[PDB]
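To begin, one chain is listed below as structure tokens, in the form deposited in one PDB entry.
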């Protein structure tokens, strides 16, 4: 997970965080100032420690609704001309009402950990996977301390699903951060 965390910084957050606010301003110009709130001008990244990462947020929560993409960012990377980095804007509902708008996505390496843990060859225990997911988050959190752009450009949302019958709403969790 140490390698995965450094990879997520070096290969993604390092590249995308410095240009984010510029892309937000452009989005606001094209889309009637939709992301004008201070709570809306951050990349919110979901870290499900259980590592269940769907490709569509509607698979896990009906209240997280795709609206539009930010302008794409093109960067020449490792031989690939104009490799494209993209981010998606979601509206978060609360009892049918549009309660917040944000840029949202999952931390992609957690999807890798899931698939890897369950493979016949390279697999490892669920408990090892949870250890690794936590070690991934902690290592990324450590890395981002030397990165000043981190503080105002992203929000790390780390959580586990309950298995005891207690309520947890992902939409509610995102909204709580937006509203703060």
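Rigid core here is just the name for the largest C-alpha set that superposes within 1.5 Å across the two forms. Residue numbers count along the first chain shown, from 1.
- Relative to its counterpart among 87-95 and 100-108, 87-95 has the higher mean temperature factor, C-alpha atoms as listed in the PDB entry.
- Between the stretches 154-162 and 9-17, it is 154-162 that shows the larger average CA temperature factor.
- When the Cα B-factors of 50, 149, 61, 68 are read from the PDB record, 149 comes out highest.
- The residue among 43, 133, 46, 144 whose C-alpha carries the highest B-factor in the deposited model is 144.
- Annotation for residue 114: C-alpha temperature factor in the middle third relative to the rest of the modelled chain, per the entry.
- Among the modelled residues of its chain, residue 36 has a C-alpha B-factor that falls in the highest third according to the deposited record.
- When the modelled residues of the chain are ordered by their C-alpha B factor, residue 1 lands in the highest third.
The discussion below concerns the form deposited in another entry, not included here.
- Superposing the two forms on their core leaves just one of 65, 134, 31, 151 with a Cα displacement of at least 2 Å between the shown form and the other one, namely 151.
- Pairwise change in the other form: residue 27 and residue 55 C-alpha atoms lie farther apart than in the shown form, at least 3 Å.
- Cα-Cα spacing of residue 92 to residue 55 is enlarged in the other form versus the present form (difference of at least 3 Å).
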